[PDB]
Amino acid sequence: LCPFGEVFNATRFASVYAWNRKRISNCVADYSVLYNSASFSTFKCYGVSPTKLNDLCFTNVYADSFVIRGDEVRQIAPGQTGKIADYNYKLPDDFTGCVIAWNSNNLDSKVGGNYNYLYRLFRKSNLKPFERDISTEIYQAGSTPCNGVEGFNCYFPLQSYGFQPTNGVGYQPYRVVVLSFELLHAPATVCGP
Amino acid sequence: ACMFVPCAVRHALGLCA
Ligand SMILES: *CCC(=O)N1CN(C(=O)CC*)CN(C(=O)CC*)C1
């Protein structure tokens, strides 16, 4: 009995630089929430059909979840660039699974701003697909090495979102769930009812 | 007093040690 429901219904969501991964295996898959795709602002499946997942069997299913702005949801797709795809959460070109997002302004925005959700603002290079970086190493913005000391041209690598409920929809927080359906050379443990 | 992420928020998220 797979805990797909708890991934979507989790009270706390991760900041996107520290995106949470939940491996799903050795269980009976309840795909009911994927049939209710009309209730999500984003619901894009790549090489998957929710009505056919019962007939299919998988070795593992990873559920990555985080909060980003609504105007950043478009970056959670194959072949995208931008601050999120580049420095926070990268999907591969060959991605197989679904990207599901919904507005969470009522929960994740605060008057004055919710500075508790962060994204990585600086990084020496782009992430590889599915790479996760939670280091807080001071970023060398000038030509002079920082030696890890925060200050002049040496910046804290992460930035607060400061979500406010009166910001426009594109700047509002959205909770995102990315499901990767993995069928590797092993026995399938995630099957339908 | 802190740029990018305020100091209290850095403590709240476990980013100081
Ligand atoms: C903006 C940097 C700063 O004021 N301090 C460095 N530091 C941390 O960054 C903790 C994560 C320790 N300091 C404080 O805890 C007080 C805000 C000082």
# chains A, B, ... in the order shown; residues from 1 in each chain; ligands from 1
$ residues_around --residues "residue 10 (chain B)" --least-positions-apart "3" --cutoff "12 Å" --atoms "only C-alpha atoms" --output "list in words"
residues 115, 116, 117, 118, 136, 156, 157, 158, 159 and 160 of chain A; 1, 2, 3, 4, 5, 6, 7, 13, 14, 15, 16 and 17 of chain B
$ residues_around --residues "region 28-31 of chain A" --least-positions-apart "4" --cutoff "12 Å" --atoms "only C-alpha atoms" --output "compact mmCIF listing (two decimals) with N, CA and C atoms, in the first residue's frame"
# COMPACT_ATOMS: atom_id res chain seq x y z
N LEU A 1 0.84 -1.21 0.00
CA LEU A 1 0.00 0.00 0.00
C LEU A 1 0.89 1.27 0.00
N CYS A 2 1.31 1.73 -1.20
CA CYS A 2 2.21 2.86 -1.42
C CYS A 2 1.73 4.16 -0.81
N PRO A 3 2.65 4.92 -0.19
CA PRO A 3 2.23 6.17 0.45
C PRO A 3 2.27 7.36 -0.50
N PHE A 4 1.66 7.21 -1.69
CA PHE A 4 1.59 8.31 -2.66
C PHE A 4 0.84 9.49 -2.10
N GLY A 5 -0.26 9.21 -1.41
CA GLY A 5 -1.11 10.21 -0.80
C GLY A 5 -0.38 11.12 0.16
N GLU A 6 0.52 10.57 0.98
CA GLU A 6 1.25 11.37 1.96
C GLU A 6 2.27 12.33 1.30
N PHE A 8 1.75 14.11 -1.45
CA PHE A 8 0.95 15.27 -1.82
C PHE A 8 0.42 15.99 -0.62
N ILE A 24 9.72 5.04 -3.37
CA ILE A 24 8.53 4.20 -3.22
C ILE A 24 8.86 2.85 -3.84
N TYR A 35 -5.57 10.52 -11.22
CA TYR A 35 -6.79 10.58 -12.02
C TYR A 35 -7.48 11.97 -11.87
N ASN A 36 -7.24 12.65 -10.76
CA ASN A 36 -7.77 13.96 -10.44
C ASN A 36 -6.86 15.07 -10.97
N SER A 37 -6.24 14.86 -12.14
CA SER A 37 -5.30 15.82 -12.72
C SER A 37 -5.88 17.23 -12.95
N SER A 49 0.96 7.26 -18.55
CA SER A 49 -0.46 7.54 -18.62
C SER A 49 -1.03 7.07 -17.30
N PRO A 50 -1.62 7.98 -16.51
CA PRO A 50 -2.16 7.58 -15.19
C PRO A 50 -3.13 6.41 -15.23
N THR A 51 -3.99 6.35 -16.27
CA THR A 51 -4.96 5.27 -16.43
C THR A 51 -4.34 3.92 -16.83
N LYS A 52 -3.04 3.90 -17.15
CA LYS A 52 -2.31 2.69 -17.56
C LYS A 52 -1.27 2.21 -16.51
N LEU A 53 -1.00 3.03 -15.48
CA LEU A 53 -0.04 2.73 -14.41
C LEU A 53 -0.43 1.50 -13.58
N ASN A 54 -1.73 1.17 -13.51
CA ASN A 54 -2.23 -0.02 -12.82
C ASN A 54 -1.71 -1.29 -13.55
N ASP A 55 -1.69 -1.26 -14.88
CA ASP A 55 -1.24 -2.38 -15.71
C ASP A 55 0.30 -2.51 -15.73
N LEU A 56 1.01 -1.40 -15.50
CA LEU A 56 2.46 -1.41 -15.49
C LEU A 56 3.02 -1.76 -14.11
N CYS A 57 4.28 -2.19 -14.08
CA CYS A 57 4.98 -2.53 -12.84
C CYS A 57 6.36 -1.88 -12.84
N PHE A 58 6.79 -1.35 -11.70
CA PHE A 58 8.07 -0.64 -11.63
C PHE A 58 8.95 -1.13 -10.50
N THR A 59 10.27 -0.95 -10.62
CA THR A 59 11.20 -1.34 -9.55
C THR A 59 11.18 -0.29 -8.45
N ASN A 60 11.19 0.99 -8.84
CA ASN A 60 11.18 2.10 -7.90
C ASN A 60 10.41 3.28 -8.46
N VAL A 61 9.85 4.09 -7.57
CA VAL A 61 9.18 5.31 -7.96
C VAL A 61 9.67 6.38 -7.00
N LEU A 179 7.25 12.78 -10.03
CA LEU A 179 7.29 11.34 -9.87
C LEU A 179 8.12 10.72 -10.96
N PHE A 181 9.22 7.27 -12.59
CA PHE A 181 8.90 5.85 -12.62
C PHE A 181 10.10 5.10 -13.17
N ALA A 188 10.17 -6.05 -10.30
CA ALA A 188 9.25 -4.94 -10.07
C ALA A 188 8.51 -5.08 -8.75
N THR A 189 8.68 -4.11 -7.85
CA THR A 189 8.06 -4.10 -6.53
C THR A 189 6.87 -3.13 -6.39
N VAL A 190 6.70 -2.21 -7.34
CA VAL A 190 5.60 -1.25 -7.31
C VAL A 190 4.62 -1.63 -8.40
N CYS A 191 3.56 -2.33 -8.01
CA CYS A 191 2.56 -2.78 -8.97
C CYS A 191 1.16 -2.27 -8.60
N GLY A 192 0.25 -2.30 -9.56
CA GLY A 192 -1.13 -1.89 -9.33
C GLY A 192 -1.90 -2.84 -8.43
N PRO A 193 -3.17 -2.52 -8.14
CA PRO A 193 -3.95 -3.40 -7.27
C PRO A 193 -4.36 -4.74 -7.93
$ closest_residue --among "A:47, A:162, A:187, A:97" --to "chain B" --atoms "only C-alpha atoms"
A:162
$ select_by_dssp --residues "chain B" --states "alpha helix (DSSP H)" --output "MDAnalysis selection string"
chainID B and resid 7:12
$ write_last_selection --atoms "C-alpha atoms" --output "PDB file, in the first residue's frame"
ATOM      1  CA  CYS B   7      20.437  35.399  10.142  1.00  0.00           C
ATOM      2  CA  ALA B   8      17.446  34.196  12.166  1.00  0.00           C
ATOM      3  CA  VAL B   9      16.168  32.269   9.145  1.00  0.00           C
ATOM      4  CA  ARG B  10      19.641  30.723   8.606  1.00  0.00           C
ATOM      5  CA  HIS B  11      19.435  29.458  12.256  1.00  0.00           C
ATOM      6  CA  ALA B  12      15.846  28.206  11.821  1.00  0.00           C
TER       7      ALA B  12
END
$ select_by_dssp --residues "region 30-136 of chain A" --states "strand (DSSP E)" --output "list in words"
residues 42, 43, 44, 45, 46, 57, 58, 60, 61, 62, 63, 64, 65, 66, 67, 68, 69, 97, 98, 99, 100, 101, 102, 103, 118, 119 and 120 of chain A
$ write_last_selection --atoms "N, CA and C atoms" --output "short mmCIF file (atom, residue, chain, number, x, y, z; two decimals), in the first residue's frame"
data_model
loop_
_atom_site.label_atom_id
_atom_site.label_comp_id
_atom_site.auth_asym_id
_atom_site.auth_seq_id
_atom_site.Cartn_x
_atom_site.Cartn_y
_atom_site.Cartn_z
N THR A 42 -0.58 22.37 -12.68
CA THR A 42 0.30 21.71 -13.64
C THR A 42 0.17 20.22 -13.48
N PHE A 43 0.14 19.50 -14.58
CA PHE A 43 0.10 18.06 -14.55
C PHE A 43 0.59 17.60 -15.89
N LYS A 44 1.89 17.36 -16.01
CA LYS A 44 2.48 16.94 -17.28
C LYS A 44 3.18 15.62 -17.15
N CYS A 45 2.71 14.62 -17.90
CA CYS A 45 3.33 13.31 -17.88
C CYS A 45 4.15 13.09 -19.13
N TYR A 46 5.33 12.52 -18.96
CA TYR A 46 6.29 12.24 -20.00
C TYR A 46 6.48 10.74 -20.01
N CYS A 57 4.28 -2.19 -14.08
CA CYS A 57 4.98 -2.53 -12.84
C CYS A 57 6.36 -1.88 -12.84
N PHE A 58 6.79 -1.35 -11.70
CA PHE A 58 8.07 -0.64 -11.63
C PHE A 58 8.95 -1.13 -10.50
N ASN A 60 11.19 0.99 -8.84
CA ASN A 60 11.18 2.10 -7.90
C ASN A 60 10.41 3.28 -8.46
N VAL A 61 9.85 4.09 -7.57
CA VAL A 61 9.18 5.31 -7.96
C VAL A 61 9.67 6.38 -7.00
N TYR A 62 10.34 7.42 -7.50
CA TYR A 62 10.83 8.48 -6.62
C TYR A 62 9.89 9.65 -6.67
N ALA A 63 9.58 10.21 -5.51
CA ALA A 63 8.71 11.36 -5.42
C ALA A 63 9.51 12.51 -4.84
N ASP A 64 9.91 13.43 -5.71
CA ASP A 64 10.65 14.62 -5.32
C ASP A 64 9.65 15.74 -5.08
N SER A 65 9.79 16.50 -3.99
CA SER A 65 8.82 17.54 -3.70
C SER A 65 9.46 18.80 -3.11
N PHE A 66 8.94 19.95 -3.51
CA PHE A 66 9.53 21.22 -3.12
C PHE A 66 8.61 22.40 -3.44
N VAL A 67 9.01 23.60 -3.02
CA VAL A 67 8.27 24.83 -3.31
C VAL A 67 9.15 25.75 -4.15
N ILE A 68 8.59 26.31 -5.23
CA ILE A 68 9.20 27.30 -6.12
C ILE A 68 8.10 28.35 -6.48
N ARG A 69 8.43 29.43 -7.24
CA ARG A 69 7.40 30.36 -7.70
C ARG A 69 6.59 29.67 -8.83
N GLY A 97 8.05 10.22 -16.34
CA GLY A 97 7.25 10.37 -15.13
C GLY A 97 6.31 11.54 -15.24
N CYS A 98 5.94 12.15 -14.11
CA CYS A 98 5.01 13.27 -14.13
C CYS A 98 5.45 14.41 -13.28
N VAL A 99 5.09 15.62 -13.70
CA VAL A 99 5.36 16.84 -12.96
C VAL A 99 4.01 17.40 -12.55
N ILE A 100 3.77 17.52 -11.24
CA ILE A 100 2.48 17.95 -10.72
C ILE A 100 2.65 19.12 -9.80
N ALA A 101 1.95 20.22 -10.04
CA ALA A 101 2.07 21.40 -9.21
C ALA A 101 0.74 22.02 -8.90
N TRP A 102 0.66 22.71 -7.77
CA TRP A 102 -0.58 23.37 -7.36
C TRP A 102 -0.20 24.60 -6.57
N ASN A 103 -1.06 25.60 -6.60
CA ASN A 103 -0.82 26.85 -5.89
C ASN A 103 -0.92 26.60 -4.42
N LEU A 118 13.85 28.71 0.41
CA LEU A 118 15.02 29.23 -0.28
C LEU A 118 15.26 28.55 -1.59
N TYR A 119 16.07 29.18 -2.41
CA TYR A 119 16.57 28.59 -3.62
C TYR A 119 18.06 28.99 -3.69
N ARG A 120 18.88 28.23 -4.40
CA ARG A 120 20.31 28.55 -4.58
C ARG A 120 20.40 29.62 -5.62
#
$ closest_residue --among "A:71, A:38, A:33, A:18" --to "chain B" --atoms "only C-alpha atoms"
A:18
